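Participant: here's my sequence, what's the structure:
(4 chains)
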Amino acid sequence: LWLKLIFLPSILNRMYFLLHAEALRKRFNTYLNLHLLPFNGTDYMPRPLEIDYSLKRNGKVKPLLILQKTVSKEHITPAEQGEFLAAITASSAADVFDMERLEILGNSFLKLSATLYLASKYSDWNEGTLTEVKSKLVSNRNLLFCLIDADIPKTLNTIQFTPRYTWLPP
Amino acid sequence: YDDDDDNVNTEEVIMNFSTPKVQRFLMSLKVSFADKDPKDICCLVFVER
Amino acid sequence: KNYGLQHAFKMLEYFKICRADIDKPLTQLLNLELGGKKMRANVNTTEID
Amino acid sequence: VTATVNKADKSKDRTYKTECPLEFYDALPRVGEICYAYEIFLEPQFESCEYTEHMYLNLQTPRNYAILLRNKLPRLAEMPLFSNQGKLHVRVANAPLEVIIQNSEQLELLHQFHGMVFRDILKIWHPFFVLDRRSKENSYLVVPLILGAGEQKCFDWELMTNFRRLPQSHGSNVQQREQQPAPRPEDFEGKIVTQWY
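Facilitator: Residues are numbered from 1 along each chain as shown, chains lettered A, B, ... in the order given. Next up is the structure itself:
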């Protein structure tokens, strides 16, 4: 029991942010009306977290997966709780995963979506002002404000776990 | 010749090759701040020379 | 990564990054219109060729 | 967005009031209410060997601890931990243990043991820490478990009524060691000892 209690603070600190990730997962699934699916309903089976081994301290064209599941719904996969936890966990928290790899795809999608939205909305503008407005939309300040007003930064995992020094037990 | 582990060998040599004044000082230091938070302690040592 | 672009477009409505409208929903950005006065759809293809 | 004054300080940051998960809020168990305990199971992944026999064997013993809440947890993903002997797998049981606390002193014993673990076994304690009864943010308990009747498990009351605080390690001189009873192997098997000399 002493050996098992040695690991207790780490387990509790992971459970904290796993519960935050579950909250985010359920909230986003419900907002998309996808919460009634067999995958995402009461029968959700969370897959175990996966080690991101890329981290430093750890004839024919193949169809693209995201586009494959964009047009056909049979390839839709449940949004994993571990994936949301990785999205929340910053690199400063010296955990075994971070938000870096997801951020690349998220940034690319945000840029593409803002570009198409502005092009469809303001089709009678020159390229210069469209580029400027897009740079404003995807700027750090805009994303910062529009995530602060979503009450997300109160649930982020961004500090290294030093239980003895900067941690308050339950 | 006592052992090969240097980390405890330093403690051993310090404990053997010091007068009981230094030994008792170090032991009182160890038992005073065994596993505490460095921000939780603030101490002074007054010596003459 | 989990739901494709069509569902991911709705998230920008959640974060208020892209303001929605009755005429152009966010789910239909894949239906981009190269509209405006800059295009002339009545021109016969011989002039282009 | 018009003003350009705030474009210089690209390296700013802000202070945010953190908030616990909704489950952990107001999760302190109460007398005469149903509370749920989720046992924590540790699965050692590394292959057993002469160096890692103790860590492999001990972690598989069914004397685990749980986490005690008023609120009900969702299903949690299995999680990896890296001990010095290798990798670990930790899972939280999806089916909670449902019990009721019918004694204020019983709850006091539970919460005293919870405070004891951090104060002594893990030494997380600080001079200003206080045992919290406010039943507010981040308030839940940790309780040990032992096998009872059948496959069901229960609270391990004897350890908590015995270990309110860890006894301080004190040596014995020859005089007082003489009449101390002869040590028995059963009293040392699977226990914790320390070299006081």
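Participant: number of residues surrounding the residue in chain C that chain B sits nearest to?
Facilitator: Nearest residue of chain C to chain B, counting by Cβ to the nearest Cβ: residue C:15, 39.1 Å away. In this view, the C-beta of every residue, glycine as well, is placed from N, C-alpha and C. Residue C:15 has 16 neighbouring residues, counting by other Cβ atoms under 10 Å in any protein chain shown.
Participant: check contacts around the residue nearest to it when sequence neighbours are not counted.
Facilitator: Distances taken as Cβ to Cβ, 6 or more residues apart in numbering or on different chains put residue A:146 closest to residue C:15, at 4.7 Å, once the chain neighbours are dropped. Going by Cβ atoms under 8 Å, 6 or more residues apart in numbering or on different chains, residue A:146 touches C:15, C:16, C:17.
Participant: helices or strands up against the top helix by length along chain C?
Facilitator: In chain C, with assignment by DSSP state H, the single longest helix is helix C:4-14. Applying 3 or more Cβ pairs under 8 Å, 6 or more residues apart in numbering or on different chains; DSSP states H and E, we find helix C:4-14 packed against helix A:8-31, helix A:65-71, helix A:100-121.
Participant: buried residues in the helix or strand hosting residue A:133, which are they?
Facilitator: Using DSSP states H and E, residue A:133 sits within helix A:127-137. Residues of helix A:127-137 classed as buried by neighbour count (16 or more other Cβ atoms under 10 Å in any protein chain shown): A:130, A:134, A:137.
Participant: give me the nearest residue to residue A:78, chain neighbours excluded.
Facilitator: Spatial nearest neighbour of residue A:78, excluding adjacent residues (Cβ to Cβ, 6+ apart): residue A:39 at 3.6 Å.
Participant: can you check residue A:49 too?
Facilitator: residue A:82 (4.3 Å).
Participant: count of residues packed around the one you found?
Facilitator: For residue A:82, the neighbour count with other Cβ under 10 Å is 19.
Participant: could I get the helix or strand that contains it in CSV with only the CA atoms?
Facilitator: Here residue A:82, judged by DSSP H and E, is contained in helix A:81-88. C-alpha atoms of helix A:81-88 as CSV (Å, rounded to 0.1, in the frame of the first residue of the first chain):
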residue,chain,number,x,y,z
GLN,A,81,-11.0,12.0,-24.5
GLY,A,82,-7.2,11.5,-24.6
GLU,A,83,-7.0,13.7,-27.7
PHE,A,84,-8.8,16.5,-25.9
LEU,A,85,-6.4,16.1,-22.9
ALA,A,86,-3.5,16.3,-25.3
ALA,A,87,-5.1,19.4,-26.8
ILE,A,88,-5.3,21.0,-23.3
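Participant: all helices of chain B, in order?
Facilitator: Using DSSP H, helices in chain B cover B:6-16, B:20-32.
Participant: does residue A:50 touch residue A:81 like I think?
Facilitator: No: in this structure, residue A:50 is not within contact of residue A:81 by Cβ atoms under 8 Å, at 11.9 Å.
Participant: who's more crowded, these two?
Facilitator: Between residue A:50 and residue A:81, counted using other Cβ under 10 Å, the more crowded position is residue A:81 (24 against 14).
Participant: picking that back up, which members of the buried residues of helix A:127-137 additionally contact chain D?
Facilitator: With the criterion set as Cβ under 8 Å from any Cβ of the partner chain, no member of those is near chain D.
Participant: mind putting these in TSV, distance to chain C included?
Facilitator: Output for the buried residues of helix A:127-137, formatted as TSV (distance: Cβ to the nearest Cβ, whole Å):
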residue	distance to chain C
A:130	12
A:134	11
A:137	6
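Participant: now, which of those residues sits nearest chain D?
Facilitator: Of those, the one sitting nearest to chain D (Cβ to the nearest Cβ) turns out to be residue A:137, at 9.6 Å.
Participant: correct me, but the closest one touches residue A:115?
Facilitator: No: Residue A:137 is not in contact with residue A:115 according to Cβ under 8 Å; the separation is 9.3 Å.
Participant: joint contacts of those two?
Facilitator: Here residue A:137 and residue A:115 have no joint contacts, going by Cβ under 8 Å, 6+ apart.
Participant: residues in contact with the residue nearest the centre of chain B?
Facilitator: Residue closest to the average C-alpha location in chain B (Cα atoms, centre = their mean): residue B:26, at 3.3 Å. Contacts for residue B:26 (Cβ under 8 Å, 6+ apart) come out as B:14, B:15, B:18.
Participant: same question, residue A:5
Facilitator: Residues near residue A:5 by Cβ under 8 Å, 6+ apart: D:65, D:117, D:121, D:122.
Participant: ranking by neighbours, what's the top pick from the residues you listed?
Facilitator: Going by other Cβ under 10 Å, residue D:117 tops the contacts of residue A:5 with 21 neighbours.
Participant: what residue in chain B comes nearest to chain A?
Facilitator: Counting by Cβ to the nearest Cβ, chain B gets nearest to chain A through residue B:37 (5.8 Å).
Participant: quick one: that residue and residue D:114, what's the gap?
Facilitator: To residue D:114, residue B:37 is 20 Å away according to Cβ to Cβ, to the nearest Å.
Participant: so which of these two has more stuff around it?
Facilitator: residue D:114 (19 against 15).
Participant: burial of the residue of chain B found nearest chain D, as a residue count?
Facilitator: With Cβ to the nearest Cβ as the measure, residue B:35 is the residue of chain B nearest to chain D, at 4.9 Å. By the criterion of other Cβ under 10 Å, residue B:35 has 8 neighbours.
Participant: would you check that residue D:17 makes contact with residue A:156?
Facilitator: No: Residue D:17 lies out of contact with residue A:156 (Cβ under 8 Å); the separation is 12.0 Å.
Participant: among the two, which residue is more densely surrounded?
Facilitator: Taking other Cβ under 10 Å, residue D:17 and residue A:156 do not tie; residue A:156 has more neighbours (18 against 6).
Participant: show me which residues of chain B are close to chain A?
Facilitator: Counting by Cβ under 8 Å from any Cβ, chain B sits next to chain A at B:35, B:37, B:39.
Participant: if you set the cut-off to 10 Å instead, what comes out?
Facilitator: Residues of chain B that fall close to chain A, judged by Cβ under 10 Å from any Cβ of the partner chain: B:35, B:36, B:37, B:38, B:39, B:40.
Participant: alright, calling it a day.
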